[PDB]
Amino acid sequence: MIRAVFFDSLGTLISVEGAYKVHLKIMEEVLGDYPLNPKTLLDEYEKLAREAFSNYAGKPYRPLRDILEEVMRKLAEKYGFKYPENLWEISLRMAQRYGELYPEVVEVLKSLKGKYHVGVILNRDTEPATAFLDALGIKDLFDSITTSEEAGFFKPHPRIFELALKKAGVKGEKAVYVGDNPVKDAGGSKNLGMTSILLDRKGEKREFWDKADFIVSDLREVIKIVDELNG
């Protein structure tokens, strides 16, 4: 029986397009009048952050603030603009102003509440991530919020999923995990016995669909999967 449904954040609850806008607005603020295209700075940021962060996948937790500050330091040195003071605060303000949920999120979360444990798992620092969920208006819709800072390891290390399950009080066999990353989300959660749902909104990850138990393009399909699993 499925008693718990856990959600990834970025690309699952939190819009990738909204995240791009957030990040572009950060770059615009950082640069000011510096004669660099903010979109080009953003493109370079995304490359470095992907690589720097891929080195931490499954590894012991390190504050993401520190990792991203080091990326920005490299970018400032590369392009010649002054390293921005209070970068973290700029980023938090931009995320609260421009971050966006996918349109079905509130409905889906509310539909599961009262029948299942509703959880979110964030590969992030706890205070900023929780304040962002609060700004988007959904912090209190969750029975549990679990983070890499709490578990001590980044996805797909099993500890973050183990902790989420403990908060819900069930073993993995009783839970579903929905995420958009085949290896870090589907593979990671399967390692604890969870039922993995790969969210492929644009149908662009077919070559990785066999890494998950179910594939969906819209979070409204999740409750139908859970209902069927429960008879």
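Each residue number is its position in the shown sequence, starting from 1.
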message: Per the record, averaged over C-alpha atoms, which has the higher B-factor: 140-148 or 127-135?
response: 127-135
task: Return whichever of 207-215 and 8-16 has the greater mean Cα B factor according to the PDB record.
output: 207-215
query: Out of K166, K39, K174, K47, which one has a C-alpha B factor higher than all the others in the entry?
result: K47
query: Going by what the PDB entry lists, where does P84 fall on CA B-factor within its chain: lowest, middle or highest third?
result: middle
query: Is the Cα B-factor recorded for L24 in the lowest, middle or highest third of its chain?
result: lowest
message: Splitting the chain's C-alpha B-factors into thirds, which one does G119 fall into?
response: lowest
message: Ranking the modelled residues of this chain by C-alpha B-factor as given in the entry, is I197 in the lowest, middle or highest third?
response: middle
- request: Please rank the C-alpha B-factors of the chain's modelled residues and tell me whether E162 sits in the lowest, middle or highest third.
  value: lowest
